[PDB]
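[1] Sequence and experimental coordinates follow.
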Amino acid sequence: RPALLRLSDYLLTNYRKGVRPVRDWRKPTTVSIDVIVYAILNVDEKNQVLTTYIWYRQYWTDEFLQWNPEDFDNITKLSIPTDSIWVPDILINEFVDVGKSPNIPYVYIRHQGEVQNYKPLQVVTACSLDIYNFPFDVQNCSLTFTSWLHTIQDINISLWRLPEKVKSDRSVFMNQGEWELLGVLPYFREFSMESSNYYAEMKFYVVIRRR
Amino acid sequence: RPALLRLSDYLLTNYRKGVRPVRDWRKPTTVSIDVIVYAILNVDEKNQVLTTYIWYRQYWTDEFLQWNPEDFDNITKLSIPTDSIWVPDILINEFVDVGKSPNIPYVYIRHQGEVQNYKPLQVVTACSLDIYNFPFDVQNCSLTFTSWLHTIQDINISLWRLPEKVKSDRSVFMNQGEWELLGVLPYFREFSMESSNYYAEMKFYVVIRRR
Amino acid sequence: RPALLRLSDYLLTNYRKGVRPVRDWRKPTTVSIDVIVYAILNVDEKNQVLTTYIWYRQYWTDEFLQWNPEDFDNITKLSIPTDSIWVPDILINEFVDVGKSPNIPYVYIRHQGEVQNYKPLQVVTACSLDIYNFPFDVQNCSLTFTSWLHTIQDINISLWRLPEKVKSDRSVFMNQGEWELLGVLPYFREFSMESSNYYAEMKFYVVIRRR
Amino acid sequence: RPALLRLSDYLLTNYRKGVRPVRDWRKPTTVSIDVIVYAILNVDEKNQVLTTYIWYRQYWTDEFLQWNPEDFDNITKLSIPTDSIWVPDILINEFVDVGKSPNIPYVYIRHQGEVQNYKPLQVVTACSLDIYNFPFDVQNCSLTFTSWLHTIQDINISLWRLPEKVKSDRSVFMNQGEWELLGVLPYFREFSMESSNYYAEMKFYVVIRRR
Amino acid sequence: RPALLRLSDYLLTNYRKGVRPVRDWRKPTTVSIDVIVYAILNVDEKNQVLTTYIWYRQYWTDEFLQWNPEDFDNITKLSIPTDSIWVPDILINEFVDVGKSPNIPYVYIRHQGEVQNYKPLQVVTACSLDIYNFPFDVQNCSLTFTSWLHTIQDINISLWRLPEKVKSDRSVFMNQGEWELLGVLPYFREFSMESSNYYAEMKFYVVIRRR
Ligand SMILES: *[C@@H]1O[C@H](CO)[C@@H](O[C@@H]2O[C@H](CO)[C@@H](O)[C@H](O)[C@H]2NC(C)=O)[C@H](O)[C@H]1NC(C)=O
Ligand SMILES: *[C@@H]1O[C@H](CO)[C@@H](O[C@@H]2O[C@H](CO)[C@@H](O)[C@H](O)[C@H]2NC(C)=O)[C@H](O)[C@H]1NC(C)=O
Ligand SMILES: *[C@@H]1O[C@H](CO)[C@@H](O[C@@H]2O[C@H](CO)[C@@H](O)[C@H](O)[C@H]2NC(C)=O)[C@H](O)[C@H]1NC(C)=O
Ligand SMILES: *[C@@H]1O[C@H](CO)[C@@H](O[C@@H]2O[C@H](CO)[C@@H](O)[C@H](O)[C@H]2NC(C)=O)[C@H](O)[C@H]1NC(C)=O
Ligand SMILES: *[C@@H]1O[C@H](CO)[C@@H](O[C@@H]2O[C@H](CO)[C@@H](O)[C@H](O)[C@H]2NC(C)=O)[C@H](O)[C@H]1NC(C)=O
Ligand SMILES: *[C@@H]1O[C@H](CO)[C@@H](O[C@@H]2O[C@H](CO)[C@@H](O)[C@H](O)[C@H]2NC(C)=O)[C@H](O)[C@H]1NC(C)=O
Ligand SMILES: *[C@@H]1O[C@H](CO)[C@@H](O[C@@H]2O[C@H](CO)[C@@H](O)[C@H](O)[C@H]2NC(C)=O)[C@H](O)[C@H]1NC(C)=O
Ligand SMILES: *[C@@H]1O[C@H](CO)[C@@H](O[C@@H]2O[C@H](CO)[C@@H](O)[C@H](O)[C@H]2NC(C)=O)[C@H](O)[C@H]1NC(C)=O
Ligand SMILES: *[C@@H]1O[C@H](CO)[C@@H](O[C@@H]2O[C@H](CO)[C@@H](O)[C@H](O)[C@H]2NC(C)=O)[C@H](O)[C@H]1NC(C)=O
Ligand SMILES: *[C@@H]1O[C@H](CO)[C@@H](O[C@@H]2O[C@H](CO)[C@@H](O)[C@H](O)[C@H]2NC(C)=O)[C@H](O)[C@H]1NC(C)=O
Ligand SMILES: Cc1ccc(Sc2ccccc2N2CCNCC2)c(C)c1
Ligand SMILES: Cc1ccc(Sc2ccccc2N2CCNCC2)c(C)c1
Ligand SMILES: Cc1ccc(Sc2ccccc2N2CCNCC2)c(C)c1
Ligand SMILES: Cc1ccc(Sc2ccccc2N2CCNCC2)c(C)c1
Ligand SMILES: Cc1ccc(Sc2ccccc2N2CCNCC2)c(C)c1
Ligand SMILES: *[C@@H]1O[C@H](CO)[C@@H](O)[C@H](O)[C@H]1NC(C)=O
Ligand SMILES: *[C@@H]1O[C@H](CO)[C@@H](O)[C@H](O)[C@H]1NC(C)=O
Ligand SMILES: *[C@@H]1O[C@H](CO)[C@@H](O)[C@H](O)[C@H]1NC(C)=O
Ligand SMILES: *[C@@H]1O[C@H](CO)[C@@H](O)[C@H](O)[C@H]1NC(C)=O
Ligand SMILES: *[C@@H]1O[C@H](CO)[C@@H](O)[C@H](O)[C@H]1NC(C)=O
């Protein structure tokens, strides 16, 4: 048997996707996320919505999906379908349409249990857009990523990279459109409405000025 | 075996989603629902429809999905996929398009059998919108949630929170659009057209005035 | 074991959805349908199409899905997923878009074998719409429901209610739009193009006048 | 056991849908197709596309799905789900959008192995549309049906009816729109770009003149 | 048993789609791709996007899906569903909408392990489109195909045909629209942002001038 088949069987023959992947339920499943803005397709002042094509990547630890490489021909990482494992319900609020985003089939996994998921997002978000300074307008829209259902005690959200590095990330931006990206400011806040439930969310402020 | 895996197996290995989850068929499955209006994307007087992005949550009791925590490492609640259990067919009438709403994978469950489902709704509804007072127009549109098929003897709908608390809920509303939310008035009515079938529905009146 | 679980197992453990549910293949599967017009969202004279939100219900007999209540705690009816049983391919011709209609998960079943399916339809249909009498225009569009594939010898279509009762049904119509419903006239005709195939269809004429 | 259940089991318990249904791989799977134009919803000169609602039917031979009627209560034909058998990948080129077409669940089968599939098509096609003779314009758009992947040695396309009968078929056309159908001219051609691959396609020229 | 059934069983009874199909994980899975532009449906200068209907074909080697023909009635190639095997996640960046593309069910396979996949693409891409020379405008938009997740060490992209042959390929182009195709220039580049990850992508520049 090839090493990849042996590893895939050893991992997925005694694993189910319904549960949260932690040996002890008392610890939360920390999730690290990163956001890169690839392009700004449209900014609609009439409907007060804008469309952003952002490259979204996140990683977390699956305490069940771990192995010793030396028993599997020194395989340090491998790719398996995303639908065959647990995936956090980290969803972006303020959204109005996300069907344009295709579902990426595969995700990378490492022998430590770390799971890496790279996916695109064609999300269109609703935010306040004033046209007061139309000729030299500058807008401030926010993207907030949160565990839609799980509380902070179950899922927590952190940053993959340092805040300053992602704040001035224009490496892959399409810098030929009507809008110019000035920065992507992250922000962490604990969101709570009930007297006992606290939810963790990460706000990304996309700052753009017209040209 | 970890406690979560043992509990998930003990629950879902002797459970099927086709049936209504009640030990005795003679009792109805009471469902408690709540509605929070997150934003009002569009109000179309031409087509007599308006779009509301509302945060919808509901809970009910699954008399099969109950356990004693002390036998499962004091696990009081856990999350499992929504497609692995019975879910009431509580659908909103007056609707014209609901495909924009994504399907939330997971739902929370407690050892008492209570099931909590949090989902978003991008429903666009058809209702009478007069433009008689255009400059200072005030509109009155209604959202009615009902068990589409099940009668009152099978599914009944109630309110999660007290009517007054939800009537003046502007905690998460996007209060920067063209429309301002004045209140969300609930109302319970037994709907019957045949001589023997009674259906329970809950009407939510979204009161909005232009600005 | 609870009665519902026992009944569901007894029914679906020896049943498959591919076949037409009849003990003898020589008899047709009579289907009774009813149509209620809930609203008329749009009437497009430019594209010669109109959109109707109609509440559609139908029932038929599954000769396999029958039981004696006294052996199942006097259960006279129960609900199971619609995808777990055979469903007739009764489709509406003249259609141009039906994706807006959501798929109802559950259907009601009775111990006699009768299956009741209640579903909504957001169908937009193409029909001749003249604007000759624009100010006082009256239109005559038709909805025809037919077994798309099965012939009359396999599937036949009938009326749930008497023709006169459905002809003057304005009980749930949204009587506040630009159009007023005058009647819904049914009509049964055997449709045949080949020399040996006869298909049964039921035409519903929606009569509307502007206001 | 009822005859239908016995036949369905005998057929589908030793059958899989992945393969091409032929006892000997050396023979092609001849497919006969027919096209009936039900209506012409739109003809867009701006985008150089037109929408045609055509009734599409095809049949082919499944050498595995054959039986002797006398052993199954003289059952000469039966209907089973289309997703439970092999279906040719006969797709229409020049297309721009086909999502509007619903998926028909069932297909008819005969004891000889013949499979009959009736499905609708809401295809919108891109073709050259000149507006030179606008007031009395006549257009010539083409629909070509081909085995998208399989070569002629695997799948071949033929005509269900004689070319002249389908060429003057206006039996079910909606002859009340802006366009009038003059004919549907078929044409068979072997399409080859590589030095060894030949693909069979059938071109249907829809001839229409404005009125 | 027919040869096709025996071969399909022998192949798919000891094969799973999750893993990358290579006997040794240390070697990359080279993928050869080709692009043919069938038509240019729309070029939107307002939204800075254009729609291209391109015929996309690719092939790769599955080291598990190989056999000796002489043991299977000299079967040199056969077709099986695309969802039953591993398929590379070769996705086109700069995209804005790909849902219009239908999913081709079957793919061709040869006894050497080679897998051939032919699929259409209705991708709409975002690229800089200047209207400076409107009357005689010439545009330069790019399509880049990359392994979205897998690095170069896992998936690599090459050209099926020689660069010059694909650069002047107008064999199946719809040369009757507003735009004329001047060439499709390929280009290979190793894309890397992290200090250790290198991804292989192939850029196709579609050169078009108005007429
Ligand atoms: C959830 O994650 C956030 C972000 O990683 C945590 O907030 C940080 O916690 C560390 C350690 O307590 C502090 O040094 C930082 O100042 C906090 N803020 C940020 C922005 O890093 C938070 O403590 C985590 N909570 C739980 C329950 O895991
Ligand atoms: C866009 O909005 C964000 C959030 O309100 C602004 O970020 C804050 O700016 C204030 C300015 O005094 C700082 O004190 C905060 O520390 C910032 N917060 C974060 C998380 O960075 C941002 O400045 C706004 N941009 C523009 C151009 O107005
Ligand atoms: C279905 O639920 C509704 C709402 O919970 C019930 O209506 C209430 O019933 C209680 C007790 O009978 C009354 O005190 C309230 O005044 C009723 N109205 C409201 C708005 O709470 C109804 O009785 C339930 N019916 C069934 C069959 O369960
Ligand atoms: C919007 O419509 C609702 C329902 O018709 C109104 O709510 C009712 O208002 C009347 C006013 O006399 C009260 O007597 C009822 O008790 C109310 N019913 C409920 C369930 O609250 C509401 O007032 C309307 N709003 C506006 C601004 O006209
Ligand atoms: C298919 O159903 C239709 C409608 O139920 C049948 O047509 C009726 O048949 C009865 C009895 O023969 C007549 O009394 C009615 O006048 C017919 N028309 C209507 C509108 O009810 C038809 O006979 C059925 N055919 C088959 C083969 O079952
Ligand atoms: C709309 O069209 C239907 C069908 O053509 C009309 O219904 C027929 O009307 C004629 C009038 O003489 C009657 O003789 C038929 O018996 C009717 N058929 C049915 C099935 O009811 C209807 O009258 C038309 N409505 C309008 C307003 O013109
Ligand atoms: C594929 O099918 C086409 C159409 O049925 C075949 O073309 C016909 O072949 C017959 C017999 O050779 C001729 O008499 C006709 O003149 C041909 N044309 C038409 C329009 O019928 C073709 O031979 C078939 N090829 C294969 C390999 O099966
Ligand atoms: C539409 O185009 C088709 C295909 O080019 C035409 O059909 C051909 O017409 C020529 C006229 O001399 C004949 O010689 C061919 O035999 C026809 N081919 C087929 C397959 O029928 C058709 O005439 C065109 N229609 C119009 C109105 O121009
Ligand atoms: C990935 O594939 C590309 C293209 O096939 C390779 O690049 C070529 O490599 C060959 C041999 O090293 C050179 O002769 C060519 O000049 C290269 N460029 C092109 C455009 O062909 C690349 O080496 C491959 N890399 C890996 C790791 O497999
Ligand atoms: C469109 O853009 C491509 C890429 O920038 C151009 O292709 C390059 O053109 C330069 C011209 O000096 C050559 O030196 C490069 O070798 C070309 N690269 C490739 C990969 O072919 C192309 O010329 C542009 N077309 C137009 C009309 O401007
Ligand atoms: C009173 C109150 C309680 C809770 C909430 S929150 C919420 C409500 C419904 C559906 C989903 C949510 N969310 C939970 C955490 N993830 C984001 C959405 C509110 C608004 C009021
Ligand atoms: C005469 C009559 C009987 C019943 C109804 S109701 C209905 C009809 C068709 C499809 C669905 C329904 N519903 C049932 C309960 N849930 C909401 C929809 C009518 C209108 C007339
Ligand atoms: C000559 C001829 C034969 C049959 C028909 S019918 C048809 C054709 C193709 C696809 C579907 C159908 N239908 C069958 C019954 N259900 C409605 C649609 C025609 C038009 C001509
Ligand atoms: C050089 C060359 C070779 C083959 C083709 S064909 C093609 C190409 C890609 C994807 C699909 C196809 N098709 C095959 C048969 N069915 C219709 C589409 C071309 C254009 C050039
Ligand atoms: C700092 C940095 C690191 C990696 C990338 S890449 C990327 C990021 C998120 C999601 C997907 C990707 N991709 C990987 C390879 N395939 C194309 C997309 C960037 C932009 C910055
Ligand atoms: C795996 O790695 C260890 C440490 O580098 C080495 O000793 C061993 O030979 C390797 N085994 C294989 C099969 O590569
Ligand atoms: C569970 O809770 C009970 C009561 O608080 C306690 O006695 C017991 O030790 C707990 N068990 C575990 C495993 O935490
Ligand atoms: C079922 O109904 C019959 C007739 O009414 C009655 O005699 C019997 O006791 C009932 N059984 C149960 C369990 O309700
Ligand atoms: C089947 O048909 C044959 C020939 O017509 C006849 O002899 C036989 O009795 C039939 N059997 C049944 C069960 O109808
Ligand atoms: C397969 O091909 C070989 C070589 O051409 C030939 O000897 C053999 O007879 C063939 N077998 C069949 C079954 O065609």
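    That came in fine, so what should we check first? Numbering: from 1, shown residues only, chains lettered A, B, ... in the order given. Ligands and ions are numbered 1, 2, ... in the order given.
[2] show me where chain A has helices.
    For chain A, the helices defined by DSSP state H cover A:3-12, A:163-167.
[3] Other residues contacting the shortest one?
    Identification of contacts with helix A:163-167 by CB atoms under 8 Å, 6 or more residues apart in numbering or on different chains yields A:34-36, A:159, A:183-186. C-betas here are computed from N, CA, C, even on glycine.
[4] count of neighbours near the closest residue to chain D within chain A?
    Closest residue of chain A to chain D, CB to the nearest CB: residue A:99 (12.0 Å). By other CB atoms under 10 Å in any protein chain shown, 12 other residues sit near residue A:99.
[5] pretty sure it is touching residue B:103, no?
    No: using CB atoms under 8 Å, residue A:99 makes no contact with residue B:103, being 11.2 Å away.
[6] and the gap between the residue in chain A positioned nearest to ligand 5 and residue C:2?
    Taking CB to the nearest ligand atom, ligand 5 has its nearest neighbour within chain A at residue A:99, 41.5 Å off. Applying CB to CB, to the nearest Å, the value for residue A:99 to residue C:2 is 39 Å.
[7] Over to residue A:82?
    On the measure of CB to CB, residue A:82 and residue C:2 end up 37 Å apart.
[8] Walking through chain A, point out its strands one by one.
    With DSSP state E as the criterion, chain A has strands at A:29-44, A:49-61, A:77-81, A:90-92, A:95-97, A:106-110, A:114-121, A:124-126, A:138-147, A:155-159, A:179-191, A:199-210.
[9] Of these, give the one that comes closest to residue B:46.
    Closest of those to residue B:46 is strand A:29-44, at 17.9 Å (criterion: CB to CB).
[10] what sits against the residue lying closest to residue A:61 once chain neighbours are set aside?
    Distance criterion CB to CB, 6 or more residues apart in numbering or on different chains; nearest residue to residue A:61, sequence neighbours excluded, is residue A:113 at 5.0 Å. Residues in contact with residue A:113, defined by CB under 8 Å, 6+ apart, are A:21, A:61-66.
[11] which parts of chain A sit against ligand 1?
    A:28, A:152, A:156, A:158, A:188, A:200 (CB under 6 Å from any ligand atom).
[12] which one among those gets closest to residue A:57?
    Of those, the one sitting nearest to residue A:57 (CB to CB) turns out to be residue A:158, at 13.1 Å.
[13] and that closest one, how far is that from residue A:25?
    20 Å.
[14] How about residue A:5?
    For residue A:5 relative to residue A:25 (CB to CB), the value is 32 Å.
[15] Which residues are in contact with whichever residue of chain A sits closest to ligand 18?
    Nearest residue of chain A to ligand 18: residue A:18, at 35.7 Å (CB to the nearest ligand atom). Counting by CB under 8 Å, 6+ apart, residue A:18 touches A:86, B:8, B:12, B:80-81, B:84.
[16] And for the closest residue to it other than its chain neighbours, the neighbour number?
    The shortest distance from residue A:18 to any non-neighbouring residue, by CB to CB, 6+ apart, is to residue B:80 (4.7 Å). Look at residue B:80: counted by other CB under 10 Å, it has 24 neighbours.
[17] cool, and the one 5 residues further on?
    Other residues within reach of residue B:85 by the criterion other CB under 10 Å amount to 20.
[18] contacting residues around it?
    Contacts for residue B:85 (CB under 8 Å, 6+ apart) come out as B:15, B:17, B:21, B:62, B:65, B:107, B:109, B:115.
[19] and which of those is nearest ligand 7?
    residue B:17 (48.6 Å).
[20] My read is that that closest one contacts residue B:86, right?
    Yes: counting by CB under 8 Å, residue B:86 is a contact partner of residue B:17 at 5.1 Å.
[21] So between these two, which is more surrounded?
    Higher neighbour count among residue B:17 and residue B:86: residue B:86, with 23 against 16, using other CB under 10 Å.
[22] does that one really touch residue B:21, like I thought?
    Yes: proximity of residue B:86 to residue B:21 meets the contact threshold set by CB under 8 Å, at 5.1 Å.
[23] Identify the contacts common to the two.
    Common neighbours of residue B:86 and residue B:21 (CB under 8 Å, 6+ apart) are residue B:62.
[24] Could you check which residue of chain A lies nearest ligand 7?
    For chain A, CB to the nearest ligand atom, closest residue to ligand 7: residue A:105, 36.9 Å.
[25] Run a quick neighbour tally on that residue.
    Neighbourhood size, residue A:105 [other CB under 10 Å]: 19.
[26] which ones are touching residue A:40?
    Applying CB under 8 Å, 6+ apart to residue A:40 gives the contacts A:50-53, A:174, A:177, A:179, A:181, A:206, A:208.
[27] Sorry, wrong one. I was asking about residue A:7.
    Applying CB under 8 Å, 6+ apart, we find residue A:7 in contact with A:67, A:72, A:75, A:78.
[28] again with residue A:114
    A:59-62.
[29] Export those residues as JSON lines, with columns for neighbour count and distance to residue B:170.
    What follows is the contacts of residue A:114, written out as JSON lines (neighbours: other CB atoms under 10 Å in any protein chain shown; distance: CB to CB, whole Å):
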{"residue": "A:59", "neighbour count": "20", "distance to residue B:170": "37"}
{"residue": "A:60", "neighbour count": "23", "distance to residue B:170": "35"}
{"residue": "A:61", "neighbour count": "18", "distance to residue B:170": "39"}
{"residue": "A:62", "neighbour count": "20", "distance to residue B:170": "40"}
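[30] Between those residues, which sits nearest ligand 15?
    Comparing the contacts of residue A:114 against ligand 15 with CB to the nearest ligand atom places residue A:59 closest, at 11.0 Å.
[31] List the beta-bridge partners for that closest one.
    Per DSSP bridges, the residues bridged to residue A:59 are residue A:32, residue A:116.
[32] Look at the closest residue to residue A:191 other than its chain neighbours and say how many residues are nearby.
    Nearest in space to residue A:191, with sequence neighbours left out and distances taken as CB to CB, 6+ apart, is residue A:199 at 4.7 Å. Residue A:199: 22 surrounding residues under other CB under 10 Å.
[33] How much space separates the residue of chain A found nearest ligand 3 from residue B:106?
    Closest contact between chain A and ligand 3, by CB to the nearest ligand atom, is at residue A:194 (21.1 Å). Distance from residue A:194 to residue B:106, counting by CB to CB: 18 Å.
[34] who's more crowded, those two?
    residue B:106 (25 against 8).
[35] ok, now which ones touch the spatially closest residue to the more buried one that is not a sequence neighbour?
    Leaving aside its chain neighbours, residue B:106 sits nearest to residue B:79 (4.5 Å; criterion: CB to CB, 6+ apart). By CB under 8 Å, 6+ apart, the contact set of residue B:79 is A:20, A:149-150, A:154, B:106-109.
[36] from what I can see the residue nearest to residue A:191 touches residue A:157, true?
    No: counting by CB under 8 Å, residue A:199 stays clear of residue A:157, with 9.5 Å between them.
[37] got any residues that touch both of the two?
    Between them, residue A:199 and residue A:157 share the contacting residues A:146-147, judged by CB under 8 Å, 6+ apart.
[38] For residue A:42, list each beta-bridge partner.
    Beta-bridge partners recorded for residue A:42 (DSSP bridges): residue A:51.
[39] do residue A:207 as well
    Beta-bridge partners, per DSSP bridges, of residue A:207: residue A:140, residue A:183.
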